[PDB]
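Contents: one structure, followed by commentary.
Throughout, read-outs are computed from the coordinates displayed, never taken from laboratory work. Note: ideal-geometry Cβ built from the backbone for every residue, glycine included; neighbour counts use all protein chains shown.
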Amino acid sequence: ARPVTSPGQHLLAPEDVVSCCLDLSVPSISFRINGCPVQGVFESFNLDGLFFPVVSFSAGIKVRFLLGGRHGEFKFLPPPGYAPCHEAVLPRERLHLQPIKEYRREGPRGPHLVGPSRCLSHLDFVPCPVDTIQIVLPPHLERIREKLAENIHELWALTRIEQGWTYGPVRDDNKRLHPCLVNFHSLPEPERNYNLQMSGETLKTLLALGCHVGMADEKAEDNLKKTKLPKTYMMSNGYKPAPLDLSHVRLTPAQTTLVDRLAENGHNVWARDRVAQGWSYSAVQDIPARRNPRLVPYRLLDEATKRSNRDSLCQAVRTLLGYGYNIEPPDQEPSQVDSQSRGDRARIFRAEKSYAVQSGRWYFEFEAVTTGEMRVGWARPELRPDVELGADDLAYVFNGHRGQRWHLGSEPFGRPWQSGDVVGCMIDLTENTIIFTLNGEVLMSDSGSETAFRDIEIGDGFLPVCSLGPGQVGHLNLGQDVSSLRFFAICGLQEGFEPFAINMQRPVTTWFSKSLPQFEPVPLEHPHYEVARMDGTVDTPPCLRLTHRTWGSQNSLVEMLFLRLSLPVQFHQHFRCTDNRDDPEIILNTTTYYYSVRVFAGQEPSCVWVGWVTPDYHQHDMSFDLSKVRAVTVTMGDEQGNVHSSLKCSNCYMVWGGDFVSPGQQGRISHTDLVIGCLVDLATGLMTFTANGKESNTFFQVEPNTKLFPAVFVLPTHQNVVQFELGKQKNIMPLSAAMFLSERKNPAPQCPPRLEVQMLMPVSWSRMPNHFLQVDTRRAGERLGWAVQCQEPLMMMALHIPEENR
Amino acid sequence: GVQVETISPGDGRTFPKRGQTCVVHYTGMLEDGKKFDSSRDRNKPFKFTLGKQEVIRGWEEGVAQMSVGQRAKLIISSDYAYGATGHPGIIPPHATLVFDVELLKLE
Amino acid sequence: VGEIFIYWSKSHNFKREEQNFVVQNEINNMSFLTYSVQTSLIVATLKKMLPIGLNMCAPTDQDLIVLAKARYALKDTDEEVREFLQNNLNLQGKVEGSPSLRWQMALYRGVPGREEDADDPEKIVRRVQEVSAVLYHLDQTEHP
Amino acid sequence: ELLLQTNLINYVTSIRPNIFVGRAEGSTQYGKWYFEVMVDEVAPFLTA
Ligand SMILES: Nc1ncnc2c1ncn2[C@@H]1O[C@H](COP(=O)(O)OP(=O)(O)OP(=O)(O)O)[C@@H](O)[C@H]1O
């Protein structure tokens, strides 16, 4: 929190109006309080995602979003050139208020568990049409391209008569009269050439698709008759649309799918041209401002416009078929999104381990609100959050979506559910079996057995578990209210199965797999990575060396690895104002501390990154590079001007090894280790780096009281990857002196047991709160805007880990 | 050096005077951001008479500056606060203290 | 169906004929369900219908079903077991005694008409007799 | 710093309108946006 000066400063109180302005070009974020400027801005922040307005709060408030237009009347005029936010709402969806990444919601029968939500990216708004410019039309295609283009104009004019349009000198929707409707030659030739070229583009894009079209029968062109057009269909100018008619023409299913792609490419190409001109999207059309509702990539475009465009392309495809030219649909080109990992994406909800059952006959239910990918079943207490349910041996689950049973792999079983279907899960530990029922009917394997799994080893017990894929919803009923169970009576009651939570006094606590990367100690049994604590000889300081166990072998895992040291170094509260043997007075007085990293020969310095990370680093990025690092500048100044200060905040302070690799050595594998030393001055707040003794140009400045963890981000390329060297330079203290108070004045390097290497882990278990804040969101009115309210207090006892500031 | 910064406005007219009991809620934090004391946790306003030298000097000046109904942040330097000795067990030696003090009433 | 299954269990010849018939006809019992005792239609039909019969009795009747199965192990005739249960009335399970019976009785009462059912002791005793006999013979069959 | 610390804290939640804006080369979206929030009621200390 950084104080900001504004007239009549005070914590947000009733009747306060806060105006937020975002300029993506600078980029900058600015605020106004009751119309008065707030003397401070955010700038230079990252732009790698989509931005949305947000308000965060605790219990005891009522606020109102004002988004302009009919969704809230602004109390103060927006600054020049700033669009009201209500315009930003996408064509498909209507404006409303949402929570952010909720893993559950309420519902009439109970709480619904929710899987991850698929969210757009800033790139999704960039139209990416396939380029047909390189393509040259076939000679035969040249003959049809022209006449087809004229017929397409005739089709559009004919559609316009249905639109009710009449020829107009100036086109007005209110006027009902259009100048754009004219005989191809009557139409301005630069406008007509645009129609002709566009029809040519459609043949060219068919070529891009790769469909092969050679004109087949001349008689086919003779067979088609242009539909006769009435004077009423004719314009006030009297130009009459003369589209050819082809009732006989029919479209193959592969051809119909082709018509969708062509329309998409056509919408995508039209959007690119408009953007090049300078147009932009807007929910409300503004021609003078070059703002259009249509100007959004095809996929985002609304379904009605999709079908209109598809109808135009379908008619044009049918006209091409009607001439007689045969177009062969191109073979389907494989493409897999592979955007995410299955296990890290799907969220797993399980009961708390203390509820594990080691005996008896137990029952519970899971209703699939959506038909999508979910898994439901029984899991062992030591289940892992990273792994997909059932891929390992710790979970026995059922994935109805495809109709499979999962344990140590997938096997067909049962039938898929539909929306609203209830899966009843039973476990019998007396007989060591697991059973699944769908809507009260036992699910049977192809072999005909009524047990999904048999010969279950009780081991440490079992817990209810469910996994939800992105955009999925499921209602889990552990059966505390036995009357609430739907099919328990139909199946499971007489057989002697007991609802999992039958005699519990409070609802069963649950844990979900939270996909927030966190640093954890490197496991001693990790198959790929090993860390060896090396003692410090006379010539060498203490070290922590990382090696790749499985390098050079099939099944080896190679991916970005983020490592830090378990303890931080904390900068002083107040910053200072403005032989080869260390001198005693200097070494005792110095506030500078040093640690180095040795990249072994054969490991790519271009793949190594070295530096520091603040406690709040949670990025697990396989494509990491220094450009991804979060950063933002907070600038404070006086209202008249004269910026007082500008502070750069980031969570990662590192230098790339490519900077130190010499240009000649680049592209060649060196045989010499690369040593990068990191120096921090706790009193000054200054951070510097050296490479092989030489000083790097990179330097950083941090605010007082900051905590920094030594960190290395590396993509392994050799059996020996990197080594943390905890030593000292002349007249510079070792890291242990900063880390531990008892050693504050001891200059001998050392690595106590507490100091260890931790690796970033994508997912971890987290406990779902038993109660949730009750937030009411509505639309107060067209003038009032949208209303958010939360009145009931809610508190928890928080346990704080001081070193990790978590 | 005690520095006072308004968080919420007060009347601006009523100021504590010597011998007059001040009633407050306060939440105390060390400079680095750890909370050590809070009257709201106890759920009972803290009462003290100005001039009795019973609260610490930073409080004396800060509350003297504040006005009835005002909420403010007081940043109190070490030598105004307990100082070198500190408060054993609670406050470390040479610690600046940040207080969120609201002056409910004067009596 | 229960009486037919009891006849199956009692008569060794009937099992001989069902096995011979299934083998000779080569008919697949699994096809009907979707050679072996489980595949045997005689047993499969009773297994399918058994929940219907158990639905007849009440949770308190379970205590008596246990003793009825014990008598059937003792080989007492059907009427003999009926009279044993007749004289052993107070052995009915007690709702207050165990928590599980509490929620089982909750369900039993919630379903309509079951409270009206079992009002007369004679129907109770006959119902427990029938279910107990069926369960006992199921036990003998499932046993090697 | 050595012992785990405990305290009571308020639960906090966030709310957004489904409005998304970004910048990408060739993007169709507009650059500058504006919105407002009016505070009707606030309880400075509903809890500790
Ligand atoms: N996005 C588009 N893709 C393909 N053809 C288009 C597109 N927009 C318009 N056309 C066609 O281009 C010709 C000229 O456009 P139109 O007559 O609709 O003019 P306008 O109403 O002034 O502009 P617009 O409708 O494009 O905003 C007409 O045949 C129209 O069907």
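Some observations on this one:
- Annotation: the residues A:730, B:34, A:694, sorted from fewest to most other C-beta atoms within 10 Å of their own C-beta, follow the order A:694, A:730, B:34.
- Tail fraction, Cα-Cα pairs, region A:693-806, threshold 25 Å, whole percent: 57 percent
- Between chain D and region B:38-60, the Cα center-to-center distance that results, in Å: 35 Å
- Taking every C-alpha pair closer than 8 Å and separated by at least 6 residues, the mean separation divided by the residue count of region A:399-516 gives a relative contact order of 18 percent.
- The share of Cα pairs per 5 Å bin across region A:534-628, counted from zero up to the longest distance, runs 2, 7, 13, 17, 18, 15, 12, 8, 4, 2, 1, 0 percent.
- Taking only the Cα atoms of region A:280-406, the ratio Rg/Rh comes out at 1.22, with Rh defined as the Kirkwood radius.
- Amide H contacts of residue A:295: A:282, each under 5 Å away and 5 or more positions distant or on a separate chain (H built 1.01 Å from N in the peptide plane; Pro and chain starts excluded).
- Summed side-chain charge close to residue A:756 - residues other than residue A:756 whose Cβ falls under 11 Å, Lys, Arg +1, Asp, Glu -1: +2
- Note: region A:450-549, Cα convex hull, 249 Å³ per residue.
- P(r) weight above 12 Å for region A:160-199, C-alpha pairs, percent: 59 percent
- Top positive-direction residue, dipole computed over the protein assembly as shown with Cβ charges, set A:601, A:128, A:288: A:288
- Each 10 Å bin from zero up to the one holding the largest Cα-Cα distance in chain A carries the following percent of pairs: 2, 10, 15, 16, 19, 18, 12, 6, 2, 0, 0.
- Using a cut-off of 26 Å between Cα atoms, the listed pairs C:15/C:47; A:101/A:306; A:62/B:47; A:648/A:707; A:514/B:35 include A:101/A:306; A:62/B:47; A:514/B:35 as exceeding that distance.
- Remark: region A:1-106 carries a charge dipole of roughly 300 debye about the Cα centre, counting +1 on each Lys and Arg Cβ and -1 on each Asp and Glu Cβ.
- Cα gyration tensor shape of region A:120-189, rounded if a/c is under 1.5, else prolate or oblate by comparing a/b with b/c: oblate
- The ranking of A:301, A:206 by Cβ neighbour count inside 10 Å, starting from the fewest, reads A:301, A:206.
- Rh by Kirkwood over Cα pairs, then Stokes-Einstein D for region A:1-148 at 1.002 mPa s and 20 °C, µm²/s: 106 µm²/s
- Ranked by how many other Cβ atoms sit within 10 Å of their own Cβ, fewest first, the residues A:393, C:61 fall in the order A:393, C:61.
- Kirkwood-based shape ratio for region A:9-84, expressed as Rg/Rh from alpha carbons: 0.95
- Working note: Cα gyration tensor of chain B, eigenvalues times five, square-rooted, sorted largest first, giving semi-axes of 22, 14, 13 Å.
- Per-residue ellipticity at 222 nm computed for the protein assembly as shown from its helices equals -6500 deg cm²/dmol, with DSSP H segments shorter than 4 residues left out and the rest contributing -39,500 (n - 2.57).
- For region A:483-574, a crude dipole built from +1 on the beta carbon of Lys and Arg and -1 on the beta carbon of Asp and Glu, taken about the Cα centre, is about 280 debye to the nearest 20.
- Taking Cβ atoms as reference points and 15 Å as the exclusive limit, the residues near residue B:60 contribute a net charge of +2, counting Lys and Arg as +1 and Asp and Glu as -1.
- Residue-by-residue Karplus 3J(HN,Hα) for region A:698-707, coefficients 6.51, -1.76, 1.60, Hz, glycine and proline x: 6, 8, 10, 10, 10, 7, x, 6, 6, 10
- The loop-placed GluC sites (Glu not before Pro) in region A:723-806, going by DSSP, that have at most 12 neighbouring Cβ atoms within 10 Å of their Cβ come out as A:782.
- Our summary gives region A:365-468 a relative contact order of 30 percent, counting only alpha carbon pairs under 8 angstrom and 6 or more residues apart.
- Relative contact order (%) - chain B, alpha-carbon pairs under 8 angstrom, separation at least six: 40 percent
- Residue list for region A:722-747, given a label point 7 angstrom along the Cα-to-Cβ vector of residue A:589 and an amide N cut-off under 20 Å: A:729-734, A:738, A:744-747
- When +1 charges are put on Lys and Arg Cβ atoms and -1 charges on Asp and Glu Cβ atoms, the dipole computed for the protein assembly as shown relative to its Cα centre reaches about 2620 debye.
- Our compactness index for region A:393-468, the C-alpha radius of gyration over the empirical 2.2 N^0.38 Å, is 1.05.
- Across all directions, the shadow cast by the convex hull of region A:561-617 built on its C-alpha atoms averages 7.7 square nanometres.
- Kirkwood Rh (inverse of mean 1/r, distinct Cα pairs), region A:287-355, angstrom: 17.9 Å
- Label-point gap, in nm, between residue A:170 and residue A:659 - each point 7 angstrom along Cα→Cβ: 6.1 nm
- Proximal charge balance of residue C:102 [Cβ under 15 Å; K/R count +1, D/E count -1]: -2
- For region A:12-22, backbone phi angles converted through the Karplus equation (6.51, -1.76, 1.60; θ = phi - 60°) give residue-by-residue couplings of 3, 10, x, 6, 7, 10, 10, 9, 10, 10, 10 Hz, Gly and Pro being listed as x.
- Normalised per residue, the volume of the convex hull around the Cα set of region C:38-114 (Å³): 136 Å³
- Mean projection of the Cα convex hull over all viewing directions, computed for chain C: 10.2 nm².
- Sorted into 10 angstrom bins from 0, the C-alpha pair distances of region A:215-299 split as 14, 23, 25, 32, 7, 0 percent.
- Spin-label model, residue A:526/residue C:79: points 7 Å from Cα along the beta carbon direction are separated by 8.1 nm.
- Phi to ³J(HN,Hα) by Karplus 6.51 cos²θ - 1.76 cosθ + 1.60 over region C:123-136, Hz, x for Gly, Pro: 5, 4, 5, 5, 5, 4, 4, 4, 4, 5, 4, 4, 5, 4
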